[PDB]
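Novice: Give me the fold of what follows.
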Amino acid sequence: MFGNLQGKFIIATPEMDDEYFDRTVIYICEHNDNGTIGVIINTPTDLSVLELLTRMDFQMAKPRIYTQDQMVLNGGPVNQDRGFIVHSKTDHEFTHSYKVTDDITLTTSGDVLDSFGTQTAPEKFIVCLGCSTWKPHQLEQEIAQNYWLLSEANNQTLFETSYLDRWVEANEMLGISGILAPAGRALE
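Specialist: Residues are numbered from 1 along each chain as shown. Structure data below:
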């Protein structure tokens, strides 16, 4: 059942699998009869967020002489047509944003280009191309197997969590939890 998997996150913690250290898993978008929409697959690309912007028709951005960029990740095989930007509350702008929670706003169409470039630009934002859709009700059973570590994301906990800097924060949110994922007991 589960009272809406939206605003929740699951602690997978991959062994490695292409990714090395630069952010792994964030949250579940929603939970519907048609399936469970979330970005927890983890699959980074060799393309950068500013790379695609400047390459297309957003040439005049503000990367300055730093030249450094942020890599864009694929959120899943579904909705690959659109890049989803998750950001926090900033000022009182809002044109094309979908409510994940009160502070967390999902912007993908147009509005994001309006956001950054002015003083109403969100402090922090993450971009993912597409999203993943899990089988209807399946994830619920998988979590019941204790194969997935389920924890809620209390608004600020999702995007800020104390707000300063964090790595492995998702695993720390519970209190450094291990076991129940890597068992290595296949043939037995």
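Novice: Contact partners for the nearest residue to residue 148 once chain neighbours are set aside?
Specialist: The shortest distance from residue 148 to any residue other than its chain neighbours is 4.6 Å, reached at residue 10 (CB to CB, 6 or more residues apart in numbering). Heads up, the C-betas are built off the backbone N, CA and C, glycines and all. Residue 10 sits next to 25, 28, 38, 40, 139, 143, 148-151 when contact means CB atoms under 8 Å, 6 or more residues apart in numbering.
Novice: For those residues, give me TSV that also has distance to residue 79 and secondary structure.
Specialist: As requested, these are exported to TSV (distance: CB to CB, whole Å; DSSP: H, G, I helix; E, B strand; the rest coil):
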residue	distance to residue 79	secondary structure
25	17	coil
28	15	strand
38	12	strand
40	14	coil
139	18	helix
143	23	helix
148	22	coil
149	25	strand
150	24	strand
151	25	strand
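Novice: Just the closest of the residues you listed to residue 187, please.
Specialist: residue 148 (22.6 Å; CB to CB).
Novice: count of neighbours near that closest one?
Specialist: As a burial measure, residue 148 scores 17 neighbours (other CB atoms under 10 Å).
Novice: Isn't it up against residue 11?
Specialist: Yes. Look at residue 148 against residue 11 with CB atoms under 8 Å: they come within range, at 7.4 Å.
Novice: quick one on the thing from earlier: so what strands line up beside the host helix or strand of the residue nearest to residue 148?
Specialist: Residue 10 is part of strand 8-11 when elements are defined by DSSP states H and E. Applying DSSP bridges, strand 8-11 is found paired with strand 149-152 (antiparallel).
Novice: which residue packs closest to the residue positioned nearest the centre of the chain, ignoring adjacent ones?
Specialist: Closest to where the C-alpha atoms of the chain average out (CA atoms, centre = their mean) is residue 26, at 4.1 Å. Of all residues not flanking residue 26 in the chain, residue 39 sits nearest, at 5.8 Å (CB to CB, 6+ apart).
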